[PDB]
Each structure stands twice: as structure tokens, then as C-alpha cells.
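An overview of the molecular structure
Take a look at the letters that make up each chain.
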Amino acid sequence: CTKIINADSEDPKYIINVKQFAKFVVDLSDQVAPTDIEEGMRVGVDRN
Amino acid sequence: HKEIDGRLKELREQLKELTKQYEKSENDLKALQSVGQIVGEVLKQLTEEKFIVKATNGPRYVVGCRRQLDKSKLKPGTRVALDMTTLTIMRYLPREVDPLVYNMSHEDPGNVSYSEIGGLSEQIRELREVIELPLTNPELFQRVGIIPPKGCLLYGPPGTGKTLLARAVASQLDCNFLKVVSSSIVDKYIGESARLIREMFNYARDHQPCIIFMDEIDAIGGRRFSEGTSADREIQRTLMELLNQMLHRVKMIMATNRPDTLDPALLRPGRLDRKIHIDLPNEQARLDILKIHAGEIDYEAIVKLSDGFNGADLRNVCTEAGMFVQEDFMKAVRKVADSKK
Amino acid sequence: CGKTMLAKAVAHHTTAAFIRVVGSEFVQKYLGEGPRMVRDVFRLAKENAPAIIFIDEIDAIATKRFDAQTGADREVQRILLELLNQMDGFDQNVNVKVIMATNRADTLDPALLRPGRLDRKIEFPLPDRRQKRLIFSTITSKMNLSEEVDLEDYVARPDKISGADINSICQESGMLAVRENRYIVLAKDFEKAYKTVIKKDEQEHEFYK
Amino acid sequence: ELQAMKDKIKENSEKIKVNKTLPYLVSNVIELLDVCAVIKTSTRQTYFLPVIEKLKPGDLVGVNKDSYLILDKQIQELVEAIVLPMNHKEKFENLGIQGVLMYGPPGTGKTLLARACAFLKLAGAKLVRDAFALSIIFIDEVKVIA
Amino acid sequence: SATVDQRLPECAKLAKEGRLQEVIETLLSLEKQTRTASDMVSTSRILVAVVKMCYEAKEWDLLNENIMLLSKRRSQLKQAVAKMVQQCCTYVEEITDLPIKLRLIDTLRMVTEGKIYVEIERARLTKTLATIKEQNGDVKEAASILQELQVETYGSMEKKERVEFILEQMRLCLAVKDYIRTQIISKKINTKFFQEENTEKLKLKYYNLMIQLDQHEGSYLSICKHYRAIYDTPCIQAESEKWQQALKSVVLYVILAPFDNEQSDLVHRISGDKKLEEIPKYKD
Ligand SMILES: Nc1ncnc2c1ncn2[C@@H]1O[C@H](COP(=O)(O)OP(=O)(O)OP(=O)(O)O)[C@@H](O)[C@H]1O
Ligand SMILES: Nc1ncnc2c1ncn2[C@@H]1O[C@H](COP(=O)(O)OP(=O)(O)O)[C@@H](O)[C@H]1O
């Protein structure tokens, strides 16, 4: 992850930098808290 | 009743807000039913319907051209917007713009009347003639029998006024101006400078008329000597590219503080027609320079002992006098001359 | 002296294909791109049809091949060697006639001056009296002219005026007449133009003489 | 008709929701033309868009994955030349008038004084232009100080 | 100063009763002292006063000498010279005996043989001299004299004085029938500026000269366009004859113009204008 775009309070809209492939934006979901999920470190993006 | 009229007013205001929202909705409709194309560049006009187009940062296809397009307009190097699915030439697109040329041309604030060039009325005559007259009213040249001139040297001491002299004509013509600090053309690569010059002249040949003003031709303008260093030979190559590329309605102004270094070929009358020698102001011109920079007794008294130099020294006179009347102007010129020396 | 114009002539009088390139175009920033471009030019010309490659300004690449003790000059030398090898190498060409123009024929490499690659070595000297007369006639054509003009004086007056500056003489005489509000140029108008083109440098520190 | 218009607000909202499936792509907004945009997707492709609107030519923008749509004397003098013009700009212009290099041996405190005045503290013409683009600016090698 | 302007009246009186050279000499000395002191106001006032004294006098062969000398004296101030020439021309314009006033006009011309600060006054004096000469039963040389001003470089105050200079150049060139020069000057002029508030007599005149030039040349479509601009000019649309003459000329020159795409287009536009007066002649 590269940024959380301030998390916009709700709707965090994180930014991801899938290596050698692309950079995208994501909501993630299914985790406990939008902030304790992650700030700037490795993460596992779902396929589709 | 007035209450019903006010109800009508609020109804109309609500309908106007909803009209703004109708604009938003049609924007959304266009977005939904629009899809982006693929940017590429033609490489060869194959059979009338087949065009070999190279998708930039990708492969090269053979594609078809849709109905409403100018096959004649479509030429090698032209940008094109192919369709994503059927890879058909949806429509052409203007040639690429280099970042350097973009910063060079599209950002050029020029607004100065000839009245703001106090002296140099003659040099104005020659410049304005060579640049403007072939552009506006070329039938004069056609009737005379002479081919229109292209460019002029416009060399002179460091600040007698060259950038301003070119800016005035550029503003009057309101054509495409392209100003270069030629000392920035130099590059640490081995020909990127020649590439930049070629791209500049292609920019000019595209949108015409166009005035190309190159300052400090001393660099990128030196006599070629046999066995200089690698950098010197690269600079000579950049000169040589400029010389050869240097065709229609693209007039040219140079600006330099030295004609000695200039290559004889670069000074050839076929490349630089008129060699103007704007010179440090003489008291006669200096007086009107001060007058125009007045943004008469004091002016004459100042000119009496004025240290005319660099042109901008008189703007310095005026600005310092403001920073501080006849005596105030006189002491301002005293101070600026003392500082300059 | 009118060599690029002679190349422009061919191209308006040649049935064969024409490929005009600039001696400085062959140079490139990336390694090997210059040789690749030279090979591409020659192969394209060979394959298309009877072709004429006008490499104007050849001295940008071809200069004497000295040790060069560096990178960029060695890349330039490789451009030159590729040009030599394509012009006359193992795979001989046919109907790929080549024309190249330079302002300084002394610096060019001695291998790219070899009968078989450059077997003409045409010189374009500054106009003589007779060529000056011919140029003046050709230019003063398509031009209203005063009956009192004596082009013979200008032609005979020994100077170093080239074709380009003769054209400039006529052109600025034309503009002087236009500013003087007249479509028929007088001898005063020429005399002015002739002075302003000769541009005789002076102030030469006199002790040299 | 206002109720039908509200229903059309609803259809617009659901259109936005469906077309805003969040997993977008990010692309440069390189180039900008009109008769539009020429985006450069992060995956090393460049794609034209007729319909996306004042995006900068170079901004990083989201895009649809599929449709691809978007020294007491010295300190006094410096305080003068820096602060007073900023406040009394009109006072300077009253008469009709309109770079400040600082000298000092290594460690004299030029950087310290600039920090005390502070605003941008940038430490070549490219850097010049960018720094003055992004306001007090200090340029070690809008309010200009060098 | 107060002393200067209270001692000037006594010199004026003495000159009025007659002072061939004493008043001139004392005024010259006073001017020398003031100029050395760098008193431009005193210089201007003394010069204007002395020229006025001469003008009140007979001054025949004297005022010209006085002004010429005063101008040729030491490095007088340019503002003082400008004021002197302005007052001189203002007095000159109201004079009779044209053959003799020619001497004073020539004196002004000679003192303004060329100087960046006497340009506009020199231009006006040259125009006046040309007008006088052409009135004096000879314009073949007045046209040439007027065909010297570089008004474009001069840059008069507004686009009125130098535009009038150019229009008078055209008038003299057509009076002498010098059509190449008239046409070149027409190309020099830019017609757009005639679309202004008071550019009515100027525009009518300019178009009239262009029309006469094209009449001599032989074209008809350009003459059609010229009458079209004239008619579109509102003022010629302010009297029955004043506008019907213009419309009739427009129609007749349309007809004279040879058949062509442009000829047909202009015919259609003039026919559809609908203001053809339905006169039983031109409409049909
Ligand atoms: N022999 C000639 N006859 C007529 N005009 C000539 C002649 N030679 C030169 N000119 C004029 O000079 C212009 C420039 O000539 P040209 O570019 O062919 O010269 P060049 O020697 O190749 O120059 P460069 O060394 O600058 O490349 C021509 O367009 C023409 O205007
Ligand atoms: N004749 C003139 N009239 C008014 N200003 C002048 C004149 N000559 C020089 N200047 C002033 O001198 C400055 C010269 O700047 P510039 O033209 O950029 O460099 P250069 O003088 O080397 O061409 C201008 O800012 C201009 O105001």
C-alpha cells in the first residue's frame, strides 16, 4: 500500500502498487478496522 | 396573489436547479456510453483501406479507416485514435508536442508596443519590414519579383535591447512566437540537441506563420574547427543540424553579443538575410527611453550625464528613483552609475 | 554556392525514389541506433526501387577517424564505418546512387573519398564573372527593372559574392524599392543593396598591412 | 413532475454506484487536448479519452479499469525586503514601481535566518521553476529569496 | 522670472517704436544668460516673446533670420526649441502674401531640417507648404514634396493626423495621376481602423480615392466592394440622394464586373438587400 488518501473518514479508498503489474484503488472490507488494517506495508489483494 | 407569485418563483428556481442536474445527467450518460480509444502513429499508407499503425508502447497492427475521415490528412507520423475492439482508425490526432517545445512556445507572455522601444527607429524599420511584411501583404514581394526573406541576425552589445525588440514584433503580429535561450540547447547526450532543434522547426512548420527567436546564437553558433573535443564536435553537429533545417512562413530572429564566433555559413544571407546592429543608446534615443520608462527638464538633465549601457540601466534609473523630482532622478542616475561602473 | 539547390533540382527531375537525410540525423543518443539508421536507410533504398540517397551535410559523421579516445566519438566513427561498409561492402548494391554535400571536403575520411564510393568529388566554386552575370540575369528575371541599371558594373567589380548573397542583393534592393514606394528598382537602389551585401569589414588593425 | 425528477436523481445515483465499482486504475493525465484527455495507464499503455474537467497536464487520476474513463543591520534589511513588501504590497506600488541573493561565510546563519523567517526551504533552472511554482521561497543553490 | 517678464514689456514697447538691433541684442544676451543658467522656462518665454515682437513688426527678412540664428546658437534646450517652433507655426498659419510667407515656411523647414523632437511639426509644415504650392497653380512638385514624410515612423498622437497625412499623400498622388504610388500607399494603410466613431469623412475620402484609383486601373469588382463599404458607412445613409447614389453605383459596378462566382454572389447580395428603392430603372 502507498496511501490511504486520508481514509476520507469512511470509505477509506486505499491505494495499492501491485508490483510490475499496476497500481489500483481498493476498499478492502472483511477486516476489523479501516485504520488498524494497514498504512504503508505489504497486503494481499484479491484476484478479481 | 403575491404568495402564489412567490410559489412560482421558488418553483422556477427548483426547476433551474434541476436543469443544472439535467446537465449533470447528460454528462453521466455520455460518460457511461463512451469508451476510450488507443493512441498510435501511422507508419505506412498501405492499400487505401489498410494502414500500418504502431500502437505506442505496444505492437504494430494493420487497421482500417472509418467512413468519416480524410485519408489524405492521414500521413506517416500523424497521431491516431484506433478503436479498442475493432482496431479501426477512428480519427487522426495532431503530431506530438515535446515537453521542451511546449514550455518554450505555449508559455510566452509578449505584449509590448513599438512605442515602448524608444530609440532604434531605423532598426525597427528593417526588422518589422523583414518579419512582418512578407507575412502580411506578400503580394508586394510577388509583384516586385523577389522571394520573401526568412530571418535576421539582430546582433548587438549586451543590453541595447533585443528580447524586447523581438517581443514587440511578436505581439504586433499576434502569431506563434517561439523563444529559445540557445545556451540551453546544449546537452550531455550525443545528439539530443539536434533532435530538439529538429522538433522546434517541425513545430514551426506545423502552425504557420511562426517567429523563431533564438538568443545567444554564440553558443550553438560557433565556427567549426577541425579537432575540438567531443563536446565541441557535438556542439558543431548541433549547429550543423540547425543550419540545414534553417521553410514557409516561419520567420527567424537571432540575438547575440558577438558576430565573431558566428559560422560563415550560419551568417549566409540565405539563412540570416539582414544583420542588424542595434547599439547602446545615444543621448538622442536615451532621452526618449527615459520618457517611455516614465511609468522633460529632469529627463534632459539626466541624459546630460546618463551612463547609457545595457538598456536596462535606464529602467534601473527610474526604479531606483521611485525607490527613493529633478534632483531625485539626478541622484538616482548618480547612484546607478556609481554602482555599475 | 548552390549545391543543396542542385539536390532540390533532382527530386523535381528524377523518376527514381529520393531519400533526403541530414548528416546530423544519423547520430543518436542510444548506442548502435546510428548504425541501425544507416543500415535501414540503405536497405530501404535498395529494396524500394532505383533510389537516390541525399545525405546532405556529410561532415557531421565522416571526419578522418582519429583514435578518438572516448565513447561518443567512437559511436560517430561507427556511424561512419557503417556508412562506408553499406556504400561499398560485401553485399554490393545496385541502383542506390548516393549524393552527399559538405562545406569542408578536407576533413572527410580518406576511405569515404575512394573512387567506387565517391568517384566524382564535384567542387562548387564561388561564382566567376560569367557565372555572376548568369545568376544576375536569372534573378533579375521575373522582376521589373529600371532602364538605367548597369548589371555589368556589379558583375565586373571583383568581389567574393556567392549565389546566396547575389540573391540577397536582389532581394534587399526589391525591399528598398518597396519601402521607397516603387515597383521598378533604380541603380541607386542596387548600389545601396550591393554595399549592404558586400558588407566590407573594416577597422582591421592596420599594422598587419 | 418533481417526483419524476427525483426518481431520475435516483437513476443517476444508481448509475454512479454501478459505474463506480471501486477497483479503479491510476493513470497519468499526460497531454490534454480538445476539439478530452490522453491518459497513461500505470501498465505502460497510453489511451485517448474523448469524454472524461480542468485536470492538470500531468496529474495522477483514477480511471475505470474497463472503459478507461477518468548582524542587526542585516536582519533589519532582510526583514524589510521580505516581510514589508508582502504586507504593504500596495504601498510599494503607490508610486508605480515593482531575486534577493544572500551572502555570508559558511555557517554564518543564512539558513538559520531563512528558517526563522519561515515556508519553502529548497536546497538548475528546473529546480528554480518548480520551487517558485510551489509564499516565501528560499533557494539554496510568491516571494523570491536566493 | 518676475524681473525677466517685467523687463520684457519695456523692450516690447521700444521695439514697437522701432529698435532694429538693440532690442534683439539685449534679448539675445538675456537668452544666453538664462540658457547658461539652464532656465528652460525663461528660454521658451524669451524665444516666443521675440518671435512675437518680430511678427508684430515688419520682420520681412528679419524674423526668419532671428529664428534661424536662435536655433543655430549653442546647445539650446530641446523643450525650448519645441515651444519656439510650436509658437512659430501657430503664428505662421495666420499669414497672407503666400509668396513671402513661403520664406518663413522655408525658415521653419530649415530650422527643422531634421531632429527627433521637431518631427510632427515638420510634417505639418511640409503639408502646409505642399497645400500652398498646389494651390499656386502647380502640384507636380507639391506631390513629390508631400511624398517624403515617414508618418508611420513619426507616430502622430492618434490614428487621425498621420492617417490624414497619408490620405493627402493619396490625394496629391491621384491629382498628379501617380497610381503605382497611390496603390502602394493604399496597401500601407489598414482599412479596419475606419470602423470607428468619427472616422466618417476620413473613411468616405479614403474609399473615394481607392475607387478613383481602381477606376483608372480598370477593375470593377474592387470598385464594387469599395462602394459597398461606402454605402455601409452610416453617414452616406443620411439623405435620399446621398444614399441612392451610392446604391446605384454599387449596382452598376456589380453589373460591370465580369461574370464569375464572386460576380454572381455580389449580384445576389445586392438584389436581396431589398433597399433598392424599387426605382423603375435600377431594380429592373
Ligand atoms: N547558382 C545559383 N543560382 C541561383 N540562385 C542561387 C544559386 N546558388 C545559390 N542561390 C541562392 O542561394 C540560396 C541558397 O542556396 P543553397 O542552399 O543551394 O546553397 P548551399 O551552398 O547548399 O548552402 P549551405 O552551405 O548553407 O547549405 C538558393 O535558395 C538561391 O536562393
Ligand atoms: N529602446 C529601448 N526602449 C525601452 N527599453 C529598452 C530599450 N532598449 C533596452 N531597453 C530595456 O533593456 C532591457 C533589455 O532586456 P532584454 O531585451 O531581455 O535583453 P537585451 O537588451 O540583451 O535584448 C529591457 O527590459 C528593456 O526594458
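As documented in the archive entry, the model was determined using cryo-EM at 3.4 Å resolution.

Once that is clear, we can look at the overall build of chain E. Scanning chain E from terminus to terminus reveals 15 helices and 0 strands. Compactness check: chain E gives a C-alpha radius of gyration of 26 Å against a globular reference of 19 Å for 284 residues, more than 25% above the reference. If one aligns the C-alpha atoms of chain E with their principal axes, the spans along those axes are about 80 × 35 × 35 Å. Across the 284 residues that make up chain E, the buried fraction comes to 43%. Partitioning the intrachain contacts of chain E with sequence separation of at least 6 by distance along the chain shows that 54% fall at a separation of at least 24. Just so you have it, chain E exposes about 15900 Å², and 54% of that area is on carbon and sulfur atoms. Looking at chain E, you have 44 positive and 43 negative side-chain charges, and the mean spots of the two groups are 3 Å apart.

All names here are of chain B. Taken together, 17 residues lie near ligand 2, and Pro 158, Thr 160, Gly 161, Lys 162 and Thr 163 sit nearest. A distance of 2.4 Å separates an oxygen atom of ligand 2 from a polar atom in the backbone of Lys 162. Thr 163 places a polar main-chain atom, nitrogen or oxygen, 2.8 Å from an oxygen atom of ligand 2. Secondary-structure elements contributing two or more residues to the shell around ligand 2 are α5 (163–173) and α8 (283–292). Of the residues in the shell around ligand 2, the class split is 6 nonpolar, 9 polar and 2 charged.

With that settled, the discussion passes to helix α1 (residues 2–32) of chain B. Over its 31 residues, α1(B) extends 44 Å from the first C-alpha to the last, a length consistent with the 45 Å expected when each residue adds 1.5 Å. Within the sequence span of α1(B), burial applies to B:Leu18, B:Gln21, B:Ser25, B:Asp28 and B:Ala31.

All names here are of chain B. With parallel pairing, 4 strands are arranged side by side in an open sheet as β6-β9-β8-β7. A strand with exactly one partner marks an edge of an open sheet, and here the two such strands are β6 (151–152) and β7 (176–181). Sheet topology places β6 next to strand β9 (residues 250–255); 2 bridges connect them, and they run parallel. Opposite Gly 151, over in β9, you have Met 252 as the bridge partner. Its contacts with the sheet place helix α3 (residues 121–135) against β6, β8 (210–215) and β9, and it is angled at close to 165° to β9. Against the sheet, helix α6 (residues 192–206) makes contact with β7, β8 and β9, and its axis sits at roughly 155° relative to β8, the strand it touches most.

All right, on to the site of ligand 1 then. Inspection of the region around ligand 1 gives 13 residues, with B:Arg268, B:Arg271, C:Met5, C:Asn103 and C:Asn167 positioned closest. The separation between an oxygen atom of ligand 1 and a polar main-chain atom of C:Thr4 is 3.0 Å. C:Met5 has a polar backbone atom sitting 2.8 Å from an oxygen atom of ligand 1. Taking 640 Å² as the accessible area of ligand 1 by itself, protein coverage stands at 77%. Contributing elements (two or more residues each) for the shell around ligand 1: α1 (4–9) and α6 (163–179) of chain C. The element contributing the most residues to the shell around ligand 1 is α6(C), with 3 residues. For the shell around ligand 1, a count of residues per class yields 5 nonpolar, 5 polar and 3 charged.

There is a patch of nonpolar side chains on the surface, built from D:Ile75, D:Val79 and D:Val83 and spanning about 190 Å² of accessible area. Tracing the chain through its elements places D:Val83 in helix α2 (residues 72–87).

Now for a positive patch on the surface. Taken together, the side chains of B:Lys9, B:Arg12, B:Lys16, B:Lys20 and B:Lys24 define a basic patch exposed on the protein surface. Among the structural elements, B:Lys24 can be located in helix α1.

What follows deals with the interface of chain B and chain C. Across the boundary between the two partners, chain B contributes 35 residues, which contact 35 residues of chain C. Summed over both partners, the interface of chain B with chain C buries about 3300 Å², with 56% contributed by carbon and sulfur atoms. If you sort the residues of chain B by the area they bury against chain C, B:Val144, B:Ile190 and B:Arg237 come out on top, with a joint share of 20%. For the interface between chain B and chain C, the tally reads 5 salt bridges. The salt bridge partner of C:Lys29 is B:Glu192, with a shortest N-O separation of 3.4 Å. At the junction of chain B with chain C, the criterion picks out 4 residue pairs in polar contact. Residue assignment for the side of chain B that touches chain C shows that the elements contributing at least two residues are α3, α4 (139–144), α6 and α7 (230–245) of chain B. Looking at which element gives the most residues to the side of chain B that touches chain C, the answer is α7(B), with 6 residues. Across the side of chain B that touches chain C, the residue classes break down as 15 nonpolar, 6 polar and 14 charged.

Tallying the contact residues gives 27 residues for chain D and 30 residues for chain B. Both sides of the chain D and chain B interface together cover about 2500 Å² of buried area, and 60% of this is carbon and sulfur. Of all residues in chain D, the largest losses of buried area upon contact with chain B belong to D:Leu2, D:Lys15 and D:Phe48, amounting jointly to 21% of the total for that side. Summed over the shared surface of chain D and chain B, the result is 1 salt bridge. As a salt-bridge pair, B:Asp28 and D:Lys15 come within 3.1 Å of each other at their nearest N and O atoms. Linking chain D with chain B are 6 residue pairs in polar contact, by the criterion used here. When contributions to the side of chain D that touches chain B are tallied by element, the ones reaching two or more residues are α1 (2–19), β2 (37–41) and β3 (45–49) of chain D. It is α1(D) that provides the largest number of residues to the side of chain D that touches chain B, a total of 9 residues.

Hydrogen bonds along the backbone pair up the strands of a sheet, which may run parallel or antiparallel. Residues and elements named next belong to chain D. Taken in spatial order, the 3 strands make up an open sheet running β5-β6-β7, and their pairing is parallel. With partners counted over all chains shown, the strands left at the sheet margins are β5 (120–122) and β7 (143–145), one partner each. Ignoring which end each strand starts from, the neighbouring axes of this sheet average 15° apart. Two strands pair when backbone bridges link them, and β5 and strand β6 (residues 136–139) are joined in this way by 3 bridges, in the parallel orientation. Note that in β6 the partner of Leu 122 across the bridge is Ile 139.

When two helices pack together, their arrangement is given by the angle between their axes and by how far apart the axes lie. Residue and element names in this part refer to chain E. Relative orientation of the contacting elements helix α13 (residues 221–232) and helix α14 (residues 240–256) amounts to 160°, with a least axis distance of 9 Å. When the axes of α13 and α14 are compared, the pair comes out roughly antiparallel. When you trace α13 past α14, the crossing you get is left-handed. For the pair α13 and α14, contact is made by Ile 223, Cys 224, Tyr 227, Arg 228 and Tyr 231 and by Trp 243, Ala 246, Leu 247, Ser 249, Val 250, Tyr 253 and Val 254, respectively.

What counts and what doesn't
- Residues numbered from 1 in each chain as written, not as in the entry; some residues may be left out.
- Chains lettered and ligands numbered in written order.
- Part of a larger assembly, values for the part shown.
- Heavy atoms only, no water.
- Helix = DSSP H or I, 4+ residues; strand = E, 2+ residues; numbered from the N terminus.
- Rg over C-alpha atoms; globule rule 2.2 N^0.38 Å.
- Buried < 20%, exposed > 50% of the residue type's maximum accessible area, 1.4 Å probe, protein only.
- Contact = heavy atoms within 4.5 Å.
- Areas by Shrake-Rupley, 256 points an atom, 1.4 Å probe, with all protein chains shown as cover.
- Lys, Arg positive; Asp, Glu negative; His and termini not counted.
- Charge placed at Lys NZ, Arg CZ, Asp CG, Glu CD.
- Near = heavy atom within 4 Å.
- Polar contact = N/O pair within 3.5 Å; in protein donor to acceptor, adjacent residues only side chain to side chain.
- Nonpolar A, V, L, I, M, F, W, Y, C, P; charged D, E, K, R; others polar.
- Expected span 1.5 Å × (residues − 1).
- Pairing = 2+ DSSP bridges.
- Axes fitted to C-alpha atoms, helices over the stretch in contact; angles between N-to-C directions.
- Patch = residues over 30% accessible without salt bridge, like charges linked within 9 Å, V, L, I, M, F, W, Y side chains within 5 Å.
- Salt bridge = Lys/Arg side-chain N within 4 Å of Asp/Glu carboxyl O.
- Buried area = accessible area lost by both parts, 1.4 Å probe.
- Parallel < 35°, antiparallel > 145°, perpendicular 65-115°, else oblique.
- Left-handed = near helix turned anticlockwise from the far one by under 90°.

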